[PDB]
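Engineer: Take the sequence shown: its position 97, counting from 1, is numbered 112 in the authors' numbering, and each next residue is one higher.
Using N, Cα and C, we set each Cβ at its ideal position, and we do this for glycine too.
Input: one structure, supplied below.
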Amino acid sequence: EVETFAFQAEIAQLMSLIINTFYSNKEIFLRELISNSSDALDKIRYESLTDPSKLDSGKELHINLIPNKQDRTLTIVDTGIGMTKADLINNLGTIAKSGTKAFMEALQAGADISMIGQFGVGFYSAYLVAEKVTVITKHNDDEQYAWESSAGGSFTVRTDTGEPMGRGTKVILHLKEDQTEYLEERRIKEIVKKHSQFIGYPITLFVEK
Ligand SMILES: FC(F)c1cc(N2CCNCC2)ncc1Cl
């Protein structure tokens, strides 16, 4: 059972701006997704202080970066707090509406796309490099879900039947034909060292066949 939803107009406008604006410094997408992973791990770590049973779905707090040249995908996995169905469909997009307005205003005043994370909508920078994004996610209080969008104004949500994750979020970037540089070990290493060197969780860069 696959459910299709429309993005809110402001979010659709944000994604088309990210896809259509000429902007060469695309590598910032990785810093934004890693920063989102770090916040999600912070949240589960804090909640587990007053409720240790919240870690029964996995004690390890880490970030994995997995390239796959055959599938042309880059996957960012974290064992953070994960997202509920209400998050995927409603809450996160609603939160993002204010940050989207402030971001587009700042852009008209001189800011540039690399500052997108200052407005709380850094996740959508995935579309600087990805033609499609799949998010698999598992929150302690809900089921495992797969969210998916190739932009164009709509996204799908479905119950995920694949490998159970325990808890956390998997962002699968299906890269555009001309952005496969982000599948190379030395390029990812350079980006993580440049933008995410003080993240307080172990970041493991997987290597390929
Ligand atoms: F619903 C989706 F558009 C979506 C949004 C999102 N966020 C945007 C707001 N700030 C960070 C969290 N994270 C994951 C997803 Cl799958």
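Candidates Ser164, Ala145, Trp162: which alpha carbon is nearest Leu198's?
Structural biologist: Start at 1 with the first residue of the sequence shown, and residue 198 comes out as number 183. The residue with the shortest Cα to Cα distance from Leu198 is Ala145.
Engineer: Would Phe170 pass as a contact of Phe22 if the rule is Cβ separation under 8 angstroms?
Structural biologist: Your numbering for residue 170 matches position 155 in the sequence shown. Your numbering for residue 22 matches position 7 in the sequence shown. In this structure, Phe22 lies closer than 8 angstroms to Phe170 by Cβ.
Engineer: Relative to the C-alpha of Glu42, which residue among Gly167, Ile218, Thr99, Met130 is closest?
Structural biologist: The residue labelled residue 42 in the question sits at position 27 within the sequence shown. Answer by Cα proximity: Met130.
Engineer: Using a Cβ-Cβ cutoff of less than 7 angstroms, which residues in the same chain neighbour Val222 once the five nearest sequence positions on both sides are dropped?
Structural biologist: Counting from 1 along the sequence shown, the entry for residue 222 is found at position 207. Counting only Cβ-Cβ distances below 7 angstroms, and skipping sequence neighbours, we find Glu200.
Engineer: Decide if the region 62-80 is in contact with the region 211-220; the criterion is three or more beta carbon pairs, one per stretch, under 8 angstroms apart.
Structural biologist: Touching, per the Cβ criterion.
Engineer: Quick one, which of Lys204, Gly135, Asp127, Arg202 has its alpha-carbon nearest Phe37's?
Structural biologist: Within the sequence shown, the letter at position 22 stands for residue 37. Comparing Cα-Cα distances from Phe37 to each of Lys204, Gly135, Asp127, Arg202, the minimum goes to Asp127.
Engineer: Just to confirm before moving on: does the CB-CB distance between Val136 and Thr184 stay below 8 angstroms?
Structural biologist: The residue you call residue 136 lines up with position 121 of the sequence shown. The residue you call residue 184 lines up with position 169 of the sequence shown. No.
Engineer: Rounded to the nearest angstrom, what separates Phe213 and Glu205 at their Cα positions?
Structural biologist: Residue numbering aside, residue 213 sits at position 198 when the sequence shown is read from its first letter. Residue numbering aside, residue 205 sits at position 190 when the sequence shown is read from its first letter. Whole-angstrom Cα-Cα distance: 14 angstroms.
Engineer: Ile104 and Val172 - do their beta-carbons sit closer together than 8 angstroms?
Structural biologist: The sequence position of residue 172 within the sequence shown is 157, counting from 1. The sequence position of residue 104 within the sequence shown is 89, counting from 1. In this structure, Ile104 lies closer than 8 angstroms to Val172 by Cβ.
Engineer: Can you tell me whether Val136 sits near ligand 1, meaning its C-beta is under 7 angstroms from at least one heavy atom of the ligand?
Structural biologist: For the purposes of this step, residue 136 is taken as the residue at position 121 of the sequence shown. Within the cutoff, so yes.
Engineer: Can you tell me the Cα-Cα spacing of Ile110 and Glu192, whole angstroms?
Structural biologist: Counted from its first residue, the sequence shown places residue 110 at position 95. Counted from its first residue, the sequence shown places residue 192 at position 177. Rounded to the nearest angstrom, the two C-alpha atoms are 32 angstroms apart.
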